[PDB]
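Two forms of the same protein chain are encoded below as structure tokens; each is given separately, as structure 1 and structure 2.
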Structure 1
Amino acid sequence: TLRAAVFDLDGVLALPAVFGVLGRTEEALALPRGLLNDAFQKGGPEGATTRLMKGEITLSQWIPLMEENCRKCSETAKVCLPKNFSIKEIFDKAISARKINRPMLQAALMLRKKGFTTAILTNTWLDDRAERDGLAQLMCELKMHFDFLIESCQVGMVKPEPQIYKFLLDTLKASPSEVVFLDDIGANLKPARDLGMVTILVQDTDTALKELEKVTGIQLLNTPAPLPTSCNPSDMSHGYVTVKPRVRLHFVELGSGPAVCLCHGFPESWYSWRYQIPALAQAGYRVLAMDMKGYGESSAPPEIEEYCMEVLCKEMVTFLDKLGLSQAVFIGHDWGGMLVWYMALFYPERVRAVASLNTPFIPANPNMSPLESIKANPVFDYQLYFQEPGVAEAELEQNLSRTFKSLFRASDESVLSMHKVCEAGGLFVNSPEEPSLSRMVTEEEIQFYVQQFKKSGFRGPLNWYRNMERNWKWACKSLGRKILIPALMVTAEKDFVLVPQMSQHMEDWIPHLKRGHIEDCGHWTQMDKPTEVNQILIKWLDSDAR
């Protein structure tokens, strides 16, 4: 039975094949057919290209040797190369033009999810060109999705040499009949076949995938749309900043570019952004996914007053100070969405751009106390259950697995009703002991939340709801202001607590506000509709935040 799938890079995982630019160049310049391909392979094993692929020389050292080979071939063919001929120019264009073959990567990702060991085996070079970063970025994006990356220039061996296949088998810890090997070069498939490996000659992706699906017996073509890449906690960069003597903030960090600070809601974690972190980094941003104060690896002091909006925002500013960041784009959800609007109102010089998922911006009413506002707004009735220190803590902390399984549900999964919480005496009074697992999460993901909440529990998180009056007084100071920095409001159709219509008057205070809207999306936006969230955020980031 097959248990490993091996992919070539050029012409298989990446297209157009850099190799194929030689052919296109010949035709575009009306040079003899095969002239450039012949100069490329000149000398075979003893040649310049083999030395390059084995790692003996770098790509910049190879270019002049390739030029001499082109000159030799043209002389023998009795043709002239045009005056502006440049191997560097041809290869820069070719490499930069080459992109990930998304359907091939999708198939590799599927096989890996089904228990296959996956690997990339490629004849590649040491790239020291001024423009090498483009290739480095491509290799980075691709390689993360595989168990092994075997580069000829690193192992000092090349396909079609037999030792590289023995090397591949050794790294896979697999016998040849357990391996499917995909390559676009028939000569490079032959040694894999000779050992008894299943081989696929890749021309068009579709036929290659049909052959692959048939041999593995796993559906790879016409598959449902896959979810965005998630995060494995143990594989992330974990950052820690002390903002004040007793308070430290934890964050996960990925990517390069403008800083994007992700602020989760109640009762969540940095992990609620798992589907956003890889996509935003890939989009050219430096992501900082927070464990907000009271959560996960961040400090959780007991005092209610430590969780008022004024102190929480102050600490986020210190956070930027300590990291040496003059600004960051702030993206928040739920309680984090409330915090991000306040960062825009109080610290606009530190906020590159602001985006909120579900949480609307509603100015404080100076003529009505928060108790009175809730009296006039019964949808927020349950928040009075969160008020008394210890009551909601005891219910939420009783059974952690039941807590997360009850809360984290899609709109059609019998979501907890927030109406009647006070009348009924708790969040879960009409909830089962052993809730079913929502399609949004795996059991493992639930256990991650359970493990995180074992450290500090629900006290610090519930404290975010315990500063109504303090937050109201501070918010009233900002009543004459308007939010004039770049801003995005993302509404979720089926969030019954943070309803889209609650955001309807936002333009009065944020005139240049941009909007996004997600259909059939409940409260847990990021995991409910990850693909849609990613598309809305990236589009807005690229146009408005930079």
Structure 2
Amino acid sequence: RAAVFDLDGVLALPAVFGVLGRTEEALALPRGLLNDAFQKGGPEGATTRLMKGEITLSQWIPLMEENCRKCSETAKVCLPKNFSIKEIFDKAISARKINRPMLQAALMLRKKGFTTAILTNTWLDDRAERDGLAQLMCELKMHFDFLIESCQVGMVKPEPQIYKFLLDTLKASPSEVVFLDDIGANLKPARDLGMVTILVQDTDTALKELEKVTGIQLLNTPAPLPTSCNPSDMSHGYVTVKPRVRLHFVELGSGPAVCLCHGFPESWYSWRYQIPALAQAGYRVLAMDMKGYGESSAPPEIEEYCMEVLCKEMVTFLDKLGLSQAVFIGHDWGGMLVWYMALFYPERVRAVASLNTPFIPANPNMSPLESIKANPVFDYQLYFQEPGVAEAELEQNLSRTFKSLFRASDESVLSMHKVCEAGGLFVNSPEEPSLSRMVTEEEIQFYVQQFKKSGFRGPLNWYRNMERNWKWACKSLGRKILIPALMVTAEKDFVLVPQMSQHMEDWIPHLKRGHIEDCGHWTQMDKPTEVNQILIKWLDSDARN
């Protein structure tokens, strides 16, 4: 079973082709006068050549104008003084956007064992504004197994050849493929070939039919999770910031550099839901594998993990990448790291954003270790102090450790307190942990395999520099964070509680905020949609300028 969608008028609206009709009416021109100068010539027409990739769009423009002149000459009418076919198609193409519901129906079908493809009569775009279309096509590509463009294969609908090609690349026979098109002319060939067709006028009737023919609910359906990313399809980057310290990161998109810094015990993969979104939103996302994790180096020494060296290393990272600035977005320990980046390296930080982790300036008086005993919730941290211990149980069974940790605010399975006293962190925890609604078995295994390389020694060392981080932080008490900053609190984070952030404006005057209902500690996985929404609204107004 396979699904084929045309671009114009099906996956993308308003149908660019449909601007010809509108133009005609807006100019009080004979009905179809522009749709005739468009087909003027049939298979041997300038437009068929254009659709076959024979000539470019900029080359087609003039050929179309004349066709508009000659066609207006026969209809005995005259075009407006400054009639511009390029001005009409520019506004038409940029005016066209993805038909969300239709794309969701595609995503759905593919998700339920359907090969999907886009069969479209399109052109080689060389306009100074070709980028706009390149982006749309780029966002659609990733969602379909195939994208057959006419100007690329040298064929064009309704020629029977393009349909034989479709079925050939689809590895399928008709009566096994559904063909959606807003133009009957191009439907016929596919219909006559035996494949199910759907004439698309209105999206909903179109989907009702589709839903009705595939026997799958495509309409009134929930609301998908934002696009996640498959590790193997990501661009992997490696930067040596020091002799034997190499940092790994995932890179996607173009635009201002947005550096994502995960917490404990995570990976760049914890941003799997915002890397695609943030890139699509116009940013060059660099999801980090913080020192001690994944493909980044994991030196054993404890002090290699104090904020001072970690921050000093991020700075070097930007340096080695020719970046003078990057907005830092962190979560948990990464969030702690980001606040200090803004406090110690403002020049390098374009903007700072932190999820769950608030900025509490250090107390020049009471040592850290004490300020951590005064709150049973941070007990587990005292347990991570002793080198060896935590590594022991956390590395004993990786799938168990992660299935146990990555859980929603409700589905908890660990007595977060009375840890040290209880001996371990999984003491009265199931050996066979249930599976969180936030993660699939597959995703958990990604962390398992990722943590099989260096283990928890490096990750845990982040927790073993309280005294050191403290002395450093005290150097910044007279400062204030005066660059764009965003604090995002999670209602149901029972350790990094929203209340701890309440005084942040004292040190971050212009601090902007974000909050998320029923969201646990793993904000990214828990509420990917709302998180993306908050970071993008923020980035677009405070980190782009």
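Shifts are known only where both forms have a C-alpha. Heads up, when I say rigid core I mean the largest set of C-alphas that superpose within 1.5 Å between the two forms. By convention here, residues take numbers in order along the sequence of structure 1, the first being 1.
Enquirer: Choose, among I95, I218, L416, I446, the residue with a C-alpha displacement of 2 Å or more between the two structures when the rigid core is used for superposition.
Expert: It is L416; the other listed residues stay below 2 Å.
Enquirer: Please say whether, between the two structures, the C-alpha of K375 moves by 2 Å or more once the core is aligned.
Expert: Result for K375: yes, a 2 Å-plus shift.
Enquirer: After aligning on the rigid core, report the distance the C-alpha of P82 travels between the two structures, in angstrom.
Expert: The alpha-carbon displacement, core-superposed, is 1.1 Å.
Enquirer: With the rigid core held as the fitting reference, name the runs of three or more adjacent residues whose C-alpha atoms all move by 2 angstroms or more between the two structures.
Expert: Runs with every C-alpha shifted by at least 2 Å: 375-379, 414-417.
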